[PDB]
Amino acid sequence: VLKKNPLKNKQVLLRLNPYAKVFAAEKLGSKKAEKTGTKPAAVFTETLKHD
Amino acid sequence: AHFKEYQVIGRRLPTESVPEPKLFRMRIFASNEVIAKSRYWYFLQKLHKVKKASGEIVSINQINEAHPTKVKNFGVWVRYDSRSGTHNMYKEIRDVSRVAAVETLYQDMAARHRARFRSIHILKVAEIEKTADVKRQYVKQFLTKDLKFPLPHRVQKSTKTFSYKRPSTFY
Amino acid sequence: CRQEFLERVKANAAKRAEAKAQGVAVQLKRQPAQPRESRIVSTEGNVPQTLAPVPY
Amino acid sequence: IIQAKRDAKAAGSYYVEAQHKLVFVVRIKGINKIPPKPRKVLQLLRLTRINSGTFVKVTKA
Amino acid sequence: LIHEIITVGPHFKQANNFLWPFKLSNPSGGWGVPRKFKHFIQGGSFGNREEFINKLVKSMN
RNA sequence: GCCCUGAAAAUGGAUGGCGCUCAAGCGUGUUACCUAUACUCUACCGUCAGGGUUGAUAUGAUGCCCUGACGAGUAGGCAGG
RNA sequence: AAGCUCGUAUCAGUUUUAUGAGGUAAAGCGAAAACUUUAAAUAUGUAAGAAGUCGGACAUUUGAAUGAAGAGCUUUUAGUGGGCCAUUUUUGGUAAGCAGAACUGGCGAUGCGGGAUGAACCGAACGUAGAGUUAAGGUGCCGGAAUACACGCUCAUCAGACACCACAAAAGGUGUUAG
RNA sequence: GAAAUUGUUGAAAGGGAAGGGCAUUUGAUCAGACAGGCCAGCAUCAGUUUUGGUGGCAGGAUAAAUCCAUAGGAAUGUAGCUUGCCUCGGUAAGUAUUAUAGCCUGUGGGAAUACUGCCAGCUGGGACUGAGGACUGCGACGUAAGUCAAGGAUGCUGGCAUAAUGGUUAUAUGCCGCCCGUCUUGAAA
């Protein structure tokens, strides 16, 4: 009869697409990526600032 | 809107026996990306025989400023097609950044010339390091030693409709 | 007018014939222009050149 | 992608991104004072009513 | 279905035509933009903006 | 670019009025905001449509239940009262 | 409205590809722009398949996209036959107004919000109600909404609040700001 | 024994319009129902939705900047030096590249913060709605039994138990409202 929404009503969010739960544990948009110092090219920054 | 400065290059498409043409670059002022792109294609179709379908974009990069809070004298060479034939102009600003200077320019051109963003062209920004080669005067007077001046007739902006005090400015 | 259609038909039946001969997916229906993919460019033949729209 | 463009910037090169293959479209203008060819178009894309929208695959046509 | 869309896949046309045209509200925030019916390039609302649709649509959801 | 002139009548008379001048004007930019039978969500009516329905003749088969979209409208037609 | 073949199919005020009956020469290099030499654009035609392909051979990835599985044959029935405006193209022109054609859209049968009011403007898919959000237009008061923020210019001895290129109009002016 | 129309009593109104519509007040008036009707309130839940707080992430030049060091430069020239006045310390013109202030630039260092985007992240406040009617099922929690915020809202309590709400009606008030029908209907008058 009734649209019960996702994006609130977590229970029906889980009734669908149940990868949500491990999303709850691991939390997977607060995903700290491994940083790498990899510098850009000197030519690139030179054309950036100077023309 | 509130403005940004962007760096764009276009790499007009590889045709056989002329791959990788010459990466035409522009520095373009706008509030966002796609507006910037469209203006690159607009200037480019003016400047040589291109179309967007015959061209392609390399990259977009926001140009931040190197030393923002350095007060700078800028001088800008511009064109605009007002109702007449197109015509040139130079103007001079004491300001903090390139982008804010052109902001003030766009509004001042709007005042004094009824000049639209669409029909403005920038040629070029330049920054002036040494004083006393600025041509204009209205900036030049803001360059003197031991400078002081007042804020006369300061007025206070109350929320209330009544005041019970017989107000004053100060002085 | 239709000579394009006839030579297209014979090209179609030709790829039909070879695809039926050596078992492969047929994919005989046409395919339009499509969105182009990534490709690195390095500015080694020329550095990026900057422009002065005076225009004259 | 992000690693690639980072590495190309290190390399003095430039990543061109893929031209995107999907868009979303929305009807803004309503029903009337329409010219008819666009009316037929929007009947194809099901964008009849206002603030209605959909996905579309990208190609030349 | 979502993956078929975004990695626009084989069974995409069929998924899209399974799907209705989405019936959206008007924007919760406003459009911005006192006038709509110029190009977005001109400070309008129509045309091709190509990332700000996402802002627009979560407002319109 | 603004401003004055750049020609006007004759009942008293209108940026819509009031009145407005670092604007309540003019060009421009930012934001917040009011607001229509437009859009959305929901209930209700009705029509159309697709489905289910003789098991207790489950007492209306022109029934009963489920689901969905849509409704302007003269001449005119069809139908029910 | 009724049948009968079916939803097999049908097509679509649509795009893409290829193509003319023709070039706009905006390219002169193709004889010292001379040259049909054709970057195209101005759009119709055609098609994108069994209704096809070379007696006999070949099934739906069986021949582009996109949408609609409601289309077609024959029979039969009511009402209806003129007209203003706009835009696009183009011929004739006039001081000027314009006249004539062709296409298209609005109004006609049609209400609502705004435009102070309104045949032609701007927006807008009409069952009754609630709540929400907005369009066009607006926010000093009438009037619901910021006497908001901010850069400038203006001070008219009847400004302007205009819709705009448009008619007096090309100019005068020791008003004013920027070039 | 109607209606037009007229008087009389009773109710009410009224500044150059009448009646009409939407909502309500005041007044007059009125029917129903309490072996359980009328108006409301609190909590927890669901759909819809508005408005705040707050946290964690990603990106860009892996922000730019500030800030630390370093090199160089110059002035709207800081200390210092020279000359004049002298109000005996402030000018004037020279000097002087940090000194008894500092600035600009180049390189390098390591952070954070911005703007943008993401959260199947936490939390609060507000409003309207509560259709539907034994159970069926998709799901969650839990070892299970059983349970739930999962196919449309239930629990607790109070007042009144009547003209209080509600209705009808005259009327005030805000906004709206062109006089009907016909014939040409293209100032559509």
# chains A, B, ... in the order shown; residues from 1 in each chain; ligands from 1
>>> interface_residues(of="chain B", to="chain H", cutoff="12 Å", atoms="only C-alpha atoms (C1' of nucleotides)", output="PyMOL selection string")
chain B and resi 2-4+31-32+60-72+129-132+140-147
>>> interface_residues(of="chain A", to="chain C", cutoff="10 Å", atoms="only C-alpha atoms", output="compact mmCIF listing (two decimals) with C-alpha atoms, in the first residue's frame")
# COMPACT_ATOMS: atom_id res chain seq x y z
CA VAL A 43 57.02 22.14 -16.19
CA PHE A 44 53.43 21.77 -15.03
CA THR A 47 52.85 26.72 -16.95
CA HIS A 50 53.74 31.61 -15.61
CA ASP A 51 52.38 31.78 -19.16
>>> select_by_dssp(residues="chain D", states="strand (DSSP E)", output="NGL selection string")
:D and (13-16 or 22-26 or 52-57)
>>> interface_residues(of="chain D", to="chain C", cutoff="6 Å", atoms="only C-alpha atoms", output="MDAnalysis selection string")
chainID D and resid 13:19 21 59:60
>>> interface_residues(of="chain D", to="chain G", cutoff="10 Å", atoms="only C-alpha atoms (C1' of nucleotides)", output="PyMOL selection string")
chain D and resi 28-46+48-50+56+59-61
>>> write_last_selection(atoms="C-alpha atoms", output="PDB file, in the first residue's frame")
ATOM      1  CA  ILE D  28      11.994  22.617 -17.134  1.00  0.00           C
ATOM      2  CA  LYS D  29       9.533  24.280 -19.394  1.00  0.00           C
ATOM      3  CA  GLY D  30       6.103  22.990 -19.249  1.00  0.00           C
ATOM      4  CA  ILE D  31       3.693  21.949 -21.865  1.00  0.00           C
ATOM      5  CA  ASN D  32       2.778  24.906 -24.014  1.00  0.00           C
ATOM      6  CA  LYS D  33       3.991  27.484 -26.426  1.00  0.00           C
ATOM      7  CA  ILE D  34       6.281  24.733 -27.587  1.00  0.00           C
ATOM      8  CA  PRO D  35       7.572  24.120 -31.056  1.00  0.00           C
ATOM      9  CA  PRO D  36       6.548  20.776 -32.348  1.00  0.00           C
ATOM     10  CA  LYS D  37       9.799  19.023 -33.128  1.00  0.00           C
ATOM     11  CA  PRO D  38      10.949  19.363 -29.520  1.00  0.00           C
ATOM     12  CA  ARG D  39       7.513  18.290 -28.461  1.00  0.00           C
ATOM     13  CA  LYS D  40       7.991  15.075 -30.357  1.00  0.00           C
ATOM     14  CA  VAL D  41      11.453  14.708 -28.874  1.00  0.00           C
ATOM     15  CA  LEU D  42      10.276  14.991 -25.370  1.00  0.00           C
ATOM     16  CA  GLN D  43       7.500  12.551 -26.031  1.00  0.00           C
ATOM     17  CA  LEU D  44      10.222  10.142 -27.026  1.00  0.00           C
ATOM     18  CA  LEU D  45      12.241  10.740 -23.932  1.00  0.00           C
ATOM     19  CA  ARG D  46       9.141  10.553 -21.714  1.00  0.00           C
ATOM     20  CA  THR D  48       6.276  15.056 -20.690  1.00  0.00           C
ATOM     21  CA  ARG D  49       5.436  16.683 -17.450  1.00  0.00           C
ATOM     22  CA  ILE D  50       7.347  19.341 -15.694  1.00  0.00           C
ATOM     23  CA  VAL D  56      20.025   8.895 -21.172  1.00  0.00           C
ATOM     24  CA  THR D  59      26.005   9.171 -28.316  1.00  0.00           C
ATOM     25  CA  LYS D  60      26.201  11.410 -31.361  1.00  0.00           C
ATOM     26  CA  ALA D  61      22.593  11.009 -32.378  1.00  0.00           C
TER      27      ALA D  61
END
>>> closest_residue(among="B:109, B:120, B:99, B:36", to="chain C", atoms="only C-alpha atoms")
B:120
>>> interface_residues(of="chain B", to="chain D", cutoff="12 Å", atoms="only C-alpha atoms", output="list in words")
residues 8, 9, 10, 11, 23, 53, 56, 57, 58, 59, 60 and 61 of chain B
